[PDB]
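Encoded as structure tokens, the structure appears first; notes follow it.
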Amino acid sequence: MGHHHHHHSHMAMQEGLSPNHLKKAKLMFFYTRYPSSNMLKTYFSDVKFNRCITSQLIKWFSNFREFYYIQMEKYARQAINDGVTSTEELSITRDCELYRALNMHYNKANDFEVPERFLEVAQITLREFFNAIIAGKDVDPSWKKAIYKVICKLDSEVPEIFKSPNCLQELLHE
């Protein structure tokens with residue numbers, strides 16, 4: 001692990017990758033691994049990584065990163081502030097409510113249509129965010145390391161091909 005932090009991308013309105021790449025990349029960005037640079041540069045072998053399309057790709061990654069970060073940070077901070085004793089009222093396995101929330105905030109339910117795996121990540125991530133602010137771990141630099149670790153440790157690798165579900169077998173060929 002190396003502290004790779006670029007305070008950029010948020011205002012990097014670059015284009016060269018198609019809107020298919022935005023959908024595909026973000027879906028692949030969903031809860032892979034804290035070393036996102038590995039996931040990024042390895043899984044986008046085809047992408048050449050010109051500064052323009054790189055700032056674009058990382059803008060997508062920083063859009064989802066910043067929004068999801070601020071989302072869970074908001075929910076946990078609100079939970080501690082109000083004294084909410086149950087995370088299960090906000091961003092846990094919470095059918096209808098959390099579906100409506102992540103839909104209205106991000107996109108029209110096309111984010112896998114959130115299977116139980118994403119409710120499980122939501123469960124564990126918000127549980128650890130809550131745990132962080134309540135125990136006073138949030139003011140410690142390592143809290144985010146810890147979050148990204150626990151949700152990476154579930155699925156470090158994307159097991160889902162978007163082209164066609166039963167097409168990943170076809171990637172294994174000689």
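In the structure tokens, chains take the letters A, B, ... in the order shown, each chain's residues start at 1, and ligands count up from 1 in the order shown.
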
Write out as a tab-separated table a residue-level contact list of region 71-173 of chain A versus region 5-24 of chain A with cut-off 9 Å: for each qualifying residue the closest pair of atoms and the distance in Å to one decimal, counting only C-alpha atoms, rows sorted by chain and residue number upward.
residue	atom	partner	partner_atom	distance
A:110	CA	A:23	CA	8.9
A:111	CA	A:23	CA	8.5
A:162	CA	A:24	CA	7.4

Residue selection dump (N, CA and C atoms) as an mmCIF file, in the first residue's frame:
data_model
loop_
_atom_site.group_PDB
_atom_site.id
_atom_site.type_symbol
_atom_site.label_atom_id
_atom_site.label_comp_id
_atom_site.auth_asym_id
_atom_site.auth_seq_id
_atom_site.Cartn_x
_atom_site.Cartn_y
_atom_site.Cartn_z
ATOM 1 N N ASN A 110 -29.527 1.019 -12.717
ATOM 2 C CA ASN A 110 -28.732 0.231 -13.694
ATOM 3 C C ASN A 110 -27.371 -0.176 -13.095
ATOM 4 N N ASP A 111 -27.191 0.116 -11.806
ATOM 5 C CA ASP A 111 -25.965 -0.187 -11.065
ATOM 6 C C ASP A 111 -26.087 -1.601 -10.511
ATOM 7 N N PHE A 162 -19.984 -8.249 -18.227
ATOM 8 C CA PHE A 162 -21.174 -7.436 -18.570
ATOM 9 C C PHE A 162 -21.648 -7.670 -20.008
#

Test item: residues at most 12 Å from residue 74 (chain A), only C-alpha atoms, excluding those fewer than 4 positions along its chain, as a tab-separated table (two decimals) with N, CA and C atoms, in the first residue's frame:
chain	number	residue	atom	x	y	z
A	66	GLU	N	-15.92	10.09	-4.50
A	66	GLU	CA	-16.29	11.27	-3.69
A	66	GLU	C	-17.76	11.20	-3.26
A	67	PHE	N	-18.67	10.90	-4.21
A	67	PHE	CA	-20.13	10.86	-3.93
A	67	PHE	C	-20.48	9.75	-2.92
A	68	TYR	N	-19.95	8.52	-3.14
A	68	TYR	CA	-20.19	7.36	-2.25
A	68	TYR	C	-19.55	7.57	-0.86
A	69	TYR	N	-18.36	8.18	-0.86
A	69	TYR	CA	-17.64	8.54	0.37
A	69	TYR	C	-18.49	9.51	1.20
A	70	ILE	N	-18.84	10.66	0.59
A	70	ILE	CA	-19.68	11.70	1.21
A	70	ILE	C	-21.07	11.15	1.59
A	78	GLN	N	-24.69	11.47	10.53
A	78	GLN	CA	-26.10	11.77	10.86
A	78	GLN	C	-26.61	10.78	11.93
A	79	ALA	N	-26.19	9.51	11.80
A	79	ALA	CA	-26.54	8.44	12.75
A	79	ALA	C	-25.98	8.74	14.16
A	80	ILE	N	-24.69	9.12	14.22
A	80	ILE	CA	-24.03	9.48	15.50
A	80	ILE	C	-24.65	10.76	16.09
A	81	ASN	N	-24.82	11.79	15.24
A	81	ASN	CA	-25.38	13.10	15.63
A	81	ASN	C	-26.79	12.96	16.24
A	82	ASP	N	-27.64	12.16	15.59
A	82	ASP	CA	-29.03	11.94	16.03
A	82	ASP	C	-29.09	10.92	17.18
A	90	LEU	N	-31.10	3.10	7.52
A	90	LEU	CA	-30.47	3.86	6.42
A	90	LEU	C	-29.84	2.89	5.39
A	91	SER	N	-28.50	2.87	5.23
A	91	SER	CA	-27.84	2.15	4.13
A	91	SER	C	-27.31	0.76	4.55
A	126	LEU	N	-21.22	0.72	5.91
A	126	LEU	CA	-21.91	1.66	6.80
A	126	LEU	C	-21.76	1.24	8.26
A	129	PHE	N	-18.33	2.54	8.94
A	129	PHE	CA	-18.40	4.02	8.95
A	129	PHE	C	-18.99	4.49	10.30
A	130	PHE	N	-20.11	3.87	10.68
A	130	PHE	CA	-20.79	4.10	11.97
A	130	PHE	C	-19.79	3.85	13.10
A	133	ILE	N	-16.96	6.74	13.22
A	133	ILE	CA	-17.29	8.05	13.81
A	133	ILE	C	-17.64	7.88	15.32

Legend entry - Between CA of residue 132 (chain A) and CA of residue 3 (chain A) - distance in Å to one decimal: 20.1 Å

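Taking only C-alpha atoms into account, residue 148 (chain A) lies nearest to A:121 out of the set A:53, A:172, A:167, A:121.
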
Legend entry - Spatial neighbours of residue 119 (chain A), max dist 8 Å, only C-alpha atoms, sep filter under 2 positions, as a list in words: residues 91, 92, 93, 94, 114, 115, 116, 117, 121, 122 and 123 of chain A

What does the file look like for those residues with N, CA, C and O atoms, as a tab-separated table (two decimals), in the first residue's frame?
chain	number	residue	atom	x	y	z
A	91	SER	N	-28.50	2.87	5.23
A	91	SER	CA	-27.84	2.15	4.13
A	91	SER	C	-27.31	0.76	4.55
A	91	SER	O	-26.10	0.54	4.70
A	92	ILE	N	-28.25	-0.15	4.80
A	92	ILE	CA	-27.98	-1.59	5.04
A	92	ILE	C	-28.83	-2.36	3.99
A	92	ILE	O	-29.38	-1.71	3.09
A	93	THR	N	-28.87	-3.71	4.02
A	93	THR	CA	-29.89	-4.49	3.32
A	93	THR	C	-31.30	-3.98	3.70
A	93	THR	O	-31.94	-4.47	4.63
A	94	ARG	N	-31.73	-2.95	2.97
A	94	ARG	CA	-32.97	-2.24	3.22
A	94	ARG	C	-33.67	-2.04	1.87
A	94	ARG	O	-33.45	-1.04	1.17
A	114	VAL	N	-28.59	-3.41	-7.97
A	114	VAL	CA	-28.08	-3.80	-6.63
A	114	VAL	C	-28.62	-5.17	-6.09
A	114	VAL	O	-29.63	-5.21	-5.36
A	115	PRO	N	-28.00	-6.32	-6.51
A	115	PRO	CA	-28.15	-7.63	-5.83
A	115	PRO	C	-27.68	-7.58	-4.36
A	115	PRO	O	-27.04	-6.60	-3.94
A	116	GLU	N	-27.97	-8.65	-3.60
A	116	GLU	CA	-27.69	-8.76	-2.16
A	116	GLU	C	-26.20	-8.48	-1.83
A	116	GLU	O	-25.90	-8.00	-0.74
A	117	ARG	N	-25.29	-8.81	-2.77
A	117	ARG	CA	-23.83	-8.51	-2.67
A	117	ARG	C	-23.56	-7.02	-2.35
A	117	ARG	O	-22.67	-6.70	-1.56
A	121	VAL	N	-22.22	-5.27	0.99
A	121	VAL	CA	-21.18	-4.24	1.04
A	121	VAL	C	-21.71	-3.00	1.77
A	121	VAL	O	-21.03	-2.49	2.64
A	122	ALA	N	-22.93	-2.54	1.40
A	122	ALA	CA	-23.60	-1.40	2.09
A	122	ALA	C	-23.70	-1.64	3.60
A	122	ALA	O	-23.40	-0.74	4.41
A	123	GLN	N	-24.07	-2.89	3.95
A	123	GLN	CA	-24.20	-3.34	5.34
A	123	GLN	C	-22.87	-3.13	6.08
A	123	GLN	O	-22.80	-2.37	7.04

Inset, instruction - Would you mind listing what lies within 12 Å of region 152-161 of chain A as an MDAnalysis selection string, with only C-alpha atoms counted and same-chain residues fewer than 6 positions away left out? - result: chainID A and resid 24:36 38:40 42:43 112 117:118 120:125 144:146 167:171

Inset, instruction - Using DSSP on the backbone, list every residue of chain A that comes out as helix (DSSP H, G or I), and give them as a VMD selection string. - result: chain A and resid 19 to 29 36 to 43 51 to 82 87 to 89 97 to 106 116 to 135 142 to 152 165 to 167 169 to 171

Inset, instruction - Name the closest residue to residue 149 (chain A) among the candidates A:45, A:1, A:50, A:83; distances are taken between atoms, counting only C-alpha atoms. - result: A:1

Inset, instruction - Just give me the gap between CA of residue 59 (chain A) and CA of residue 77 (chain A) in Å, one decimal is fine. - result: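 One can read the CA of residue 59 (chain A) to CA of residue 77 (chain A) distance as 25.6 Å.
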
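Taking CA of residue 134 (chain A) as the reference point, CA of residue 101 (chain A) is found at 23.3 Å.
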